[PDB]
Amino acid sequence: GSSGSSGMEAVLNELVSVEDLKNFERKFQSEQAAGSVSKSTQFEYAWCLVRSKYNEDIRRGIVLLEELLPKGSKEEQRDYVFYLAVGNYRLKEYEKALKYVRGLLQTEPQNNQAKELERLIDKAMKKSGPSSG
(Lines give C-alpha, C1' and ligand atoms only; values in the text may rest on other atoms or scores of the structure.)
Protein backbone atom coordinates (compact mmCIF):
# COMPACT_ATOMS: atom_id res chain seq x y z
CA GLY A 1 0.00 0.00 0.00
CA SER A 2 1.59 3.19 -1.26
CA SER A 3 5.14 2.29 -2.22
CA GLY A 4 6.24 -1.25 -1.44
CA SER A 5 9.93 -2.10 -1.60
CA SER A 6 9.89 -4.55 1.29
CA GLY A 7 13.53 -5.59 1.20
CA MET A 8 14.33 -8.99 -0.26
CA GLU A 9 11.01 -10.77 -0.65
CA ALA A 10 10.23 -7.88 -2.97
CA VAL A 11 13.52 -7.89 -4.84
CA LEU A 12 13.09 -11.57 -5.66
CA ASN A 13 9.38 -11.14 -6.27
CA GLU A 14 9.77 -8.24 -8.67
CA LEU A 15 11.31 -9.27 -11.97
CA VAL A 16 12.80 -7.41 -14.92
CA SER A 17 10.57 -6.05 -17.66
CA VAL A 18 11.00 -6.59 -21.38
CA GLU A 19 10.78 -2.83 -21.80
CA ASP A 20 13.82 -2.60 -19.55
CA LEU A 21 15.55 -5.79 -20.61
CA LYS A 22 15.28 -4.41 -24.12
CA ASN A 23 16.76 -1.11 -23.00
CA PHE A 24 19.72 -3.02 -21.64
CA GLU A 25 19.83 -5.73 -24.28
CA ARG A 26 20.18 -2.83 -26.68
CA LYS A 27 23.16 -1.32 -24.91
CA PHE A 28 24.82 -4.71 -24.60
CA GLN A 29 24.29 -5.47 -28.27
CA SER A 30 25.08 -1.99 -29.53
CA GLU A 31 28.13 -1.73 -27.30
CA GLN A 32 29.18 -5.02 -28.84
CA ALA A 33 28.96 -3.86 -32.44
CA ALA A 34 30.39 -0.64 -31.06
CA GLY A 35 33.75 -2.26 -30.43
CA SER A 36 33.38 -4.25 -27.23
CA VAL A 37 30.83 -4.61 -24.46
CA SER A 38 31.89 -2.80 -21.31
CA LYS A 39 31.79 -4.66 -18.01
CA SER A 40 29.38 -1.91 -17.01
CA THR A 41 26.60 -3.01 -19.33
CA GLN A 42 27.75 -6.58 -18.76
CA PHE A 43 26.74 -6.59 -15.11
CA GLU A 44 23.69 -4.53 -16.03
CA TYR A 45 22.13 -6.74 -18.68
CA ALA A 46 23.24 -9.76 -16.69
CA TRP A 47 21.49 -8.49 -13.58
CA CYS A 48 18.65 -7.57 -15.90
CA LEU A 49 18.58 -11.13 -17.18
CA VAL A 50 18.59 -12.85 -13.81
CA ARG A 51 15.85 -10.39 -12.95
CA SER A 52 13.86 -11.46 -15.99
CA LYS A 53 10.96 -13.81 -15.30
CA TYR A 54 12.53 -16.27 -17.70
CA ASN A 55 15.08 -18.81 -16.52
CA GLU A 56 17.06 -18.60 -19.73
CA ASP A 57 17.94 -15.04 -18.78
CA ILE A 58 19.21 -16.26 -15.43
CA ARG A 59 21.38 -18.70 -17.36
CA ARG A 60 22.74 -16.11 -19.76
CA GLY A 61 22.79 -13.79 -16.77
CA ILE A 62 24.90 -15.74 -14.31
CA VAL A 63 27.60 -16.41 -16.88
CA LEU A 64 28.15 -12.69 -17.29
CA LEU A 65 27.81 -12.23 -13.55
CA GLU A 66 30.35 -15.00 -13.10
CA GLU A 67 32.41 -13.30 -15.78
CA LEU A 68 32.55 -10.04 -13.87
CA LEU A 69 33.19 -11.90 -10.63
CA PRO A 70 36.87 -12.48 -11.42
CA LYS A 71 36.86 -9.37 -13.58
CA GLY A 72 35.75 -7.41 -10.54
CA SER A 73 37.70 -5.28 -8.09
CA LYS A 74 36.28 -5.84 -4.63
CA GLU A 75 32.95 -4.30 -3.68
CA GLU A 76 32.05 -5.05 -7.28
CA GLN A 77 31.93 -8.75 -6.48
CA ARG A 78 29.63 -7.97 -3.58
CA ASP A 79 26.94 -6.68 -5.91
CA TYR A 80 27.65 -9.67 -8.12
CA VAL A 81 27.48 -12.71 -5.88
CA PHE A 82 24.35 -11.21 -4.36
CA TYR A 83 22.79 -11.70 -7.78
CA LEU A 84 24.54 -14.91 -8.74
CA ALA A 85 22.65 -16.35 -5.79
CA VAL A 86 19.40 -14.67 -6.74
CA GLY A 87 19.67 -16.10 -10.23
CA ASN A 88 21.06 -19.39 -8.96
CA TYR A 89 18.30 -19.72 -6.39
CA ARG A 90 15.74 -19.29 -9.14
CA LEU A 91 17.22 -22.45 -10.62
CA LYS A 92 16.83 -24.11 -7.24
CA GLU A 93 20.61 -23.96 -7.30
CA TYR A 94 20.76 -23.53 -3.54
CA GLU A 95 24.06 -25.36 -3.33
CA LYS A 96 25.54 -22.59 -5.45
CA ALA A 97 23.27 -19.80 -4.29
CA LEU A 98 24.34 -20.37 -0.70
CA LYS A 99 27.95 -20.99 -1.65
CA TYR A 100 27.59 -17.49 -3.04
CA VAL A 101 25.30 -16.08 -0.37
CA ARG A 102 27.74 -17.46 2.17
CA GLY A 103 30.98 -16.06 0.78
CA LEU A 104 29.10 -12.83 0.15
CA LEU A 105 27.97 -12.72 3.76
CA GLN A 106 31.54 -13.29 4.89
CA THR A 107 32.33 -9.86 3.49
CA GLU A 108 28.81 -8.50 3.85
CA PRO A 109 27.49 -9.70 7.22
CA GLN A 110 25.45 -6.56 7.82
CA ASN A 111 23.85 -7.12 4.44
CA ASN A 112 20.31 -8.07 5.37
CA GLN A 113 19.28 -9.09 1.87
CA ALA A 114 22.02 -11.70 2.01
CA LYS A 115 20.79 -12.82 5.41
CA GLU A 116 17.20 -13.22 4.27
CA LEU A 117 18.17 -15.04 1.09
CA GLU A 118 20.20 -17.48 3.16
CA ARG A 119 16.97 -18.31 4.96
CA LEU A 120 14.87 -18.12 1.82
CA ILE A 121 16.97 -20.72 0.05
CA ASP A 122 17.06 -22.58 3.34
CA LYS A 123 13.29 -22.89 3.26
CA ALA A 124 13.32 -23.52 -0.48
CA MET A 125 15.27 -26.73 0.02
CA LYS A 126 12.78 -27.94 2.61
CA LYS A 127 9.94 -26.86 0.36
CA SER A 128 11.33 -28.72 -2.63
CA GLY A 129 14.81 -30.09 -3.21
CA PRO A 130 16.62 -32.62 -5.41
CA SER A 131 18.01 -34.64 -2.52
CA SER A 132 20.81 -37.17 -2.73
CA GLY A 133 19.39 -40.48 -3.90
# chains A, B, ... in the order shown; residues from 1 in each chain; ligands from 1
call {"tool": "closest_atom_pairs", "arguments": {"of": "segment 5-70 of chain A", "to": "segment 77-81 of chain A", "cutoff": "10 Å", "atoms": "only C-alpha atoms", "output": "tab-separated table"}}
result
residue	atom	partner	partner_atom	distance
A:43	CA	A:80	CA	7.7
A:46	CA	A:80	CA	9.6
A:47	CA	A:80	CA	8.3
A:62	CA	A:80	CA	9.1
A:64	CA	A:80	CA	9.7
A:65	CA	A:80	CA	6.0
A:66	CA	A:80	CA	7.8
A:67	CA	A:80	CA	9.7
A:68	CA	A:77	CA	7.5
A:69	CA	A:77	CA	5.4
A:70	CA	A:77	CA	7.9
call {"tool": "closest_atom_pairs", "arguments": {"of": "segment 2-51 of chain A", "to": "segment 106-126 of chain A", "cutoff": "10 Å", "atoms": "only C-alpha atoms", "output": "CSV"}}
result
residue,atom,partner,partner_atom,distance
A:7,CA,A:113,CA,6.8
A:8,CA,A:113,CA,5.4
A:9,CA,A:116,CA,8.3
A:11,CA,A:113,CA,8.9
A:12,CA,A:117,CA,9.1
call {"tool": "residues_around", "arguments": {"residues": "residue 25 of chain A", "least_positions_apart": "2", "cutoff": "10 Å", "atoms": "only C-alpha atoms", "output": "list in words"}}
result
residues 18, 19, 20, 21, 22, 23, 27, 28, 29, 30, 31, 41, 42, 44, 45, 46, 48 and 49 of chain A
call {"tool": "write_last_selection", "arguments": {"atoms": "N, CA and C atoms", "output": "PDB file, in the first residue's frame"}}
result
ATOM      1  N   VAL A  18      10.544  -6.613 -20.000  1.00  0.00           N
ATOM      2  CA  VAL A  18      11.002  -6.587 -21.378  1.00  0.00           C
ATOM      3  C   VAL A  18      11.426  -5.163 -21.744  1.00  0.00           C
ATOM      4  N   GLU A  19      10.517  -4.229 -21.504  1.00  0.00           N
ATOM      5  CA  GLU A  19      10.783  -2.832 -21.801  1.00  0.00           C
ATOM      6  C   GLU A  19      12.187  -2.448 -21.332  1.00  0.00           C
ATOM      7  N   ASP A  20      12.514  -2.888 -20.125  1.00  0.00           N
ATOM      8  CA  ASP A  20      13.816  -2.598 -19.551  1.00  0.00           C
ATOM      9  C   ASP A  20      14.866  -3.508 -20.192  1.00  0.00           C
ATOM     10  N   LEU A  21      14.639  -4.807 -20.054  1.00  0.00           N
ATOM     11  CA  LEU A  21      15.553  -5.790 -20.612  1.00  0.00           C
ATOM     12  C   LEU A  21      15.986  -5.340 -22.009  1.00  0.00           C
ATOM     13  N   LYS A  22      15.012  -4.868 -22.774  1.00  0.00           N
ATOM     14  CA  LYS A  22      15.277  -4.405 -24.125  1.00  0.00           C
ATOM     15  C   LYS A  22      16.233  -3.212 -24.072  1.00  0.00           C
ATOM     16  N   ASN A  23      15.935  -2.295 -23.163  1.00  0.00           N
ATOM     17  CA  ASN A  23      16.755  -1.107 -23.000  1.00  0.00           C
ATOM     18  C   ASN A  23      18.212  -1.523 -22.788  1.00  0.00           C
ATOM     19  N   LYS A  27      21.855  -1.846 -25.255  1.00  0.00           N
ATOM     20  CA  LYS A  27      23.165  -1.316 -24.914  1.00  0.00           C
ATOM     21  C   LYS A  27      24.216  -2.417 -25.087  1.00  0.00           C
ATOM     22  N   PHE A  28      23.915  -3.574 -24.515  1.00  0.00           N
ATOM     23  CA  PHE A  28      24.821  -4.706 -24.600  1.00  0.00           C
ATOM     24  C   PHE A  28      25.161  -5.030 -26.055  1.00  0.00           C
ATOM     25  N   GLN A  29      24.114  -5.163 -26.858  1.00  0.00           N
ATOM     26  CA  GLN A  29      24.287  -5.471 -28.268  1.00  0.00           C
ATOM     27  C   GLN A  29      25.049  -4.344 -28.967  1.00  0.00           C
ATOM     28  N   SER A  30      24.470  -3.154 -28.904  1.00  0.00           N
ATOM     29  CA  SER A  30      25.081  -1.991 -29.525  1.00  0.00           C
ATOM     30  C   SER A  30      26.555  -1.898 -29.126  1.00  0.00           C
ATOM     31  N   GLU A  31      26.778  -1.819 -27.823  1.00  0.00           N
ATOM     32  CA  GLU A  31      28.130  -1.726 -27.298  1.00  0.00           C
ATOM     33  C   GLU A  31      29.028  -2.773 -27.961  1.00  0.00           C
ATOM     34  N   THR A  41      27.812  -2.447 -18.757  1.00  0.00           N
ATOM     35  CA  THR A  41      26.602  -3.014 -19.327  1.00  0.00           C
ATOM     36  C   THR A  41      26.519  -4.511 -19.021  1.00  0.00           C
ATOM     37  N   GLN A  42      27.680  -5.150 -19.035  1.00  0.00           N
ATOM     38  CA  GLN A  42      27.750  -6.575 -18.762  1.00  0.00           C
ATOM     39  C   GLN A  42      26.953  -6.916 -17.502  1.00  0.00           C
ATOM     40  N   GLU A  44      25.039  -5.062 -15.890  1.00  0.00           N
ATOM     41  CA  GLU A  44      23.694  -4.530 -16.030  1.00  0.00           C
ATOM     42  C   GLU A  44      22.771  -5.580 -16.652  1.00  0.00           C
ATOM     43  N   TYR A  45      22.935  -5.770 -17.953  1.00  0.00           N
ATOM     44  CA  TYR A  45      22.127  -6.737 -18.676  1.00  0.00           C
ATOM     45  C   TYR A  45      22.030  -8.056 -17.906  1.00  0.00           C
ATOM     46  N   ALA A  46      23.179  -8.518 -17.437  1.00  0.00           N
ATOM     47  CA  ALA A  46      23.236  -9.760 -16.686  1.00  0.00           C
ATOM     48  C   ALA A  46      22.230  -9.702 -15.536  1.00  0.00           C
ATOM     49  N   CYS A  48      19.948  -7.754 -15.274  1.00  0.00           N
ATOM     50  CA  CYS A  48      18.647  -7.567 -15.898  1.00  0.00           C
ATOM     51  C   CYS A  48      18.087  -8.943 -16.263  1.00  0.00           C
ATOM     52  N   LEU A  49      18.967  -9.786 -16.783  1.00  0.00           N
ATOM     53  CA  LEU A  49      18.575 -11.129 -17.177  1.00  0.00           C
ATOM     54  C   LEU A  49      18.044 -11.879 -15.953  1.00  0.00           C
TER      55      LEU A  49
END
call {"tool": "select_by_dssp", "arguments": {"residues": "chain A", "states": "alpha helix (DSSP H)", "output": "PyMOL selection string"}}
result
chain A and resi 9-13+18-34+39-51+55-68+75-90+94-107+112-127
call {"tool": "closest_residue", "arguments": {"among": "A:37, A:98, A:105, A:15", "to": "residue 58 of chain A", "atoms": "only C-alpha atoms"}}
result
A:15
